[PDB]
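Read the structure below first, then the notes.
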Amino acid sequence: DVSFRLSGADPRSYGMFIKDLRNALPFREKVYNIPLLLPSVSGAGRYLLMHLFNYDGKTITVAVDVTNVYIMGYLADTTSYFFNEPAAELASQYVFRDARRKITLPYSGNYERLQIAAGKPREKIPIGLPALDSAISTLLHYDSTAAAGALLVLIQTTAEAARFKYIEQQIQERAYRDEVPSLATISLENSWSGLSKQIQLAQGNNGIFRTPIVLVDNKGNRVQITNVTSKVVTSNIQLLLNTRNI
Ligand SMILES: Nc1ncnc2c([C@@H]3O[C@H](COP(=O)(O)O)[C@@H](O)[C@H]3O)n[nH]c12
């Protein structure tokens, strides 16, 4: 289990939590020195528990699938809450057995469905470490409209920051003040599968991508990643989704 406490959190304890989250996910190989996540794990071993504490010290436990860093559900007090999708139901068999009741949230956990349920696209929700504290407080009391907005903050400040060093840095700049994500952060989030696939297929193709990944950058718009010497590959992406899961 990894843990993060927002009381007394600053940019470096947060980097320390994201470091431990990354280091808790099992891998067999490194492709171009990036951890390649396993095709499948079976049993309860497939799930990582993160214990998150807000400013006041209340907590929620979040369950993450270690093969893809996908947030499946969470436990708040005695109630477990799971996304309405097949993998989250499978997950409810291994985690939070101890809950007095299990509620299925009325949406799956992908971004389109959560934005629709929240009433705001990601681009309009301030993220940062104050927003994470808020999100933990919202998840402690069931409301599905407000839980969709809090889960969008929760995915990006934990799972997306683990996947990309650039997003982790974005959240460390937002440690005492929230701010909506840059288009670059949204671009990166959406490209993890694509980028993971091409870095994998680039082995045996001299580090060259079969098809270029296009991202918008930290100045404005439209950028094509064609090979593994790009800084996106050498410095930014931190975990790769196994091609068997794409
Ligand atoms: N519940 C969740 N927990 C973690 N990551 C995600 C995602 C991420 O959203 C990204 C973009 O998804 P789509 O390609 O389905 O739009 C993917 O990298 C996926 O892993 N959506 N929902 C998530």
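Read-outs: derived from the displayed coordinates by stated rules, not from any lab. Methodologically, a virtual Cβ is constructed for each residue, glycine included, from the backbone with ideal geometry; neighbour enumeration extends over all protein chains shown.
Tally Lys/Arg at +1 and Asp/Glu at -1 over every other residue whose Cβ is under 14 Å from the Cβ of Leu52; what's the total? Write out the running numbers ahead of the final one.
On the way: positive: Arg5, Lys58; negative: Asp1, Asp20, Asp56, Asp77, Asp133.
That sum, taken over residues with Cβ under 14 Å, equals -3.
Where a ≥ b ≥ c are the square roots of the eigenvalues of the C-alpha gyration tensor, would you call the range 53-157 rounded, which needs a/c under 1.5, or, failing that, prolate if a/b is larger than b/c, or oblate?
Details: a/c = 1.60, a/b = 1.20, b/c = 1.34.
Oblate, because a/c is 1.5 or more while a/b does not exceed b/c.
Along the charge dipole of the chain, pointing to its positive end and built from +1/-1 on Cβ of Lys, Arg, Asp and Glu, which listed residue (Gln156, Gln170, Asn245) has its Cα farthest out?
My answer, from the dipole projection, is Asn245.
At 0.36 nm per residue, and after removing the present C-alpha to C-alpha distance, how many nm does the segment from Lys30 to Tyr55 gain when stretched out fully? Before the final figure, lay out the partial values.
Working: separation 25, 0.36 × 25 = 9.00 nm, distance 3.67 nm.
My answer for the length gained is 5.3 nm.
Among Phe53, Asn33, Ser193, flag the residue with its Cα farthest along the positive direction of the charge dipole of the chain, charges on Cβ as +1 for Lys/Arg and -1 for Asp/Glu.
After comparing all options, I get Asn33.
Treating only the Cβ of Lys, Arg, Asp and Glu as charged (+1, +1, -1, -1), what charge dipole size does the range 1-162 show about its Cα centre? Round to the nearest 20 debye.
Values: 16 positive and 15 negative charges, 26 e Å.
Dipole magnitude for the range 1-162 comes out near 120 debye.
Please compute the net charge surrounding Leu114, taking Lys and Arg as +1 and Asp and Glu as -1 over other residues with Cβ under 15 Å from its Cβ.
Charge balance near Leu114 sits at -2.
Please report, in whole Å³, the volume per residue of the convex hull around the C-alpha atoms of the chain.
On the way: hull volume 28.7 nm³, N = 246.
In the chain, the Cα convex hull volume per residue is 117 Å³.
Among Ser187, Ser193, which comes first, then next, by fewest other beta-carbon atoms within 10 Å?
Numbers: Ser187 19, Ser193 14.
Final ranking by Cβ density, sparse to dense: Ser193, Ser187.
Antiparallel DSSP bridges in the range 1-162: what percent, to the nearest 5? Numbers along the way, then the final one.
Values: 19 of 27 bridges.
Roughly 70 percent of the beta bridges in the range 1-162 run antiparallel, per DSSP.
Test of understanding: ordering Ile246, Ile103 by Cβ neighbours within 10 Å, fewest first, what list do you get?
On the way: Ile246 12, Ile103 15.
Ascending number of Cβ neighbours within 10 Å: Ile246, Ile103.
Can you compute the helix-only [θ] at 222 nm over the chain? Use -39500 (n - 2.57) per DSSP H run of at least 4 residues, normalise by all residues, nearest 500 deg cm²/dmol. Mind dumping the intermediate values first?
Values: 7 runs with 87 residues, N = 246.
Computed ellipticity for the chain at 222 nm equals -11000 deg cm²/dmol.
List the relative contact order of the range 47-93 as a percent without decimals, with contacts defined as Cα pairs under 8 Å and 6+ residues apart.
Numbers: 68 pairs, mean separation 11.8, N = 47.
In percent, rounded to a whole number, it is 25.
Using the Cα centre as the reference, give the magnitude of the dipole from point charges on the C-beta atoms of the range 163-246 (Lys, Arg: +1; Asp, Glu: -1; all else neutral), rounded to the nearest 20 debye. Intermediate values should be presented prior to the final figure.
Numbers: 10 positive and 6 negative charges, 57 e Å.
Using Cβ point charges on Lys, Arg, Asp and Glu, the range 163-246 gives about 280 debye.
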